[PDB]
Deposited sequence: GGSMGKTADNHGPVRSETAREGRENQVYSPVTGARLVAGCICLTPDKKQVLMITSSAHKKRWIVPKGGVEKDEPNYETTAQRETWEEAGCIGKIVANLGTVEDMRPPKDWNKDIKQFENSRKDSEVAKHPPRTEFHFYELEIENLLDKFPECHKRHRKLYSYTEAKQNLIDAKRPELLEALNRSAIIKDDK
């Protein structure tokens, strides 16, 4: 709906979410996408006009999409969805190549959460799957999902990478 908030600069959709970790920090909670039911992503969603901070949105989305409750233990900062929207799709340099200039689709504000509880019933528990994954499994899931920005957020978290 038109509750959604956008960057006044880039027009990017403002989204907040959580990298939800086990207390031992060996695993991260992932959910299946609403649009692409095969892809494993992390809980996140559009900030709404009434929400006073990104943490509110992140914990609301973590509950709604993953039935996950916990405490925010770190600000993981921002990442951008840099996915393009058929004239000149690339702007090559002399020792490198890039996709043609465009604004970000989405500006993501991520928090690290320590999981305190996982509930069986939650708003989207019939529309999504949710599962804990080690770093290596999570990394592969977010590459498979084509979401390097979500992996960047995971890499900033305290998740144990030495598997």
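Annotation: deposited residues 1-22, 108-112, 191 are not represented by C-alpha coordinates in the model.
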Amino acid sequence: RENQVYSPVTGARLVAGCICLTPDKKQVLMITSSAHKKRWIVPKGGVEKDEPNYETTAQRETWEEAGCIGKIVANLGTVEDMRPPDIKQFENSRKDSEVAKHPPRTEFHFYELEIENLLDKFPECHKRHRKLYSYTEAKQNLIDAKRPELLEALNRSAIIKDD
From here on, numbers count along this sequence of modelled residues.
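Here, rigid core means the biggest group of C-alpha atoms that superpose within 1.5 Å across both forms.
Once the structures in 7 other deposited structures of this protein are superposed via the core, the pair 122-130 and 30-38 is resolved in favour of 30-38 as the more displaced stretch (C-alpha RMS). Once the C-alpha B-factors are averaged per stretch, 51-59 and 37-45 rank with 37-45 first.
Of the two stretches examined, 19-27 and 146-154, the record assigns the greater average C-alpha temperature factor to 19-27. For the set 116, 107, 112, 98, the maximum C-alpha B-factor listed in the entry falls on 98.
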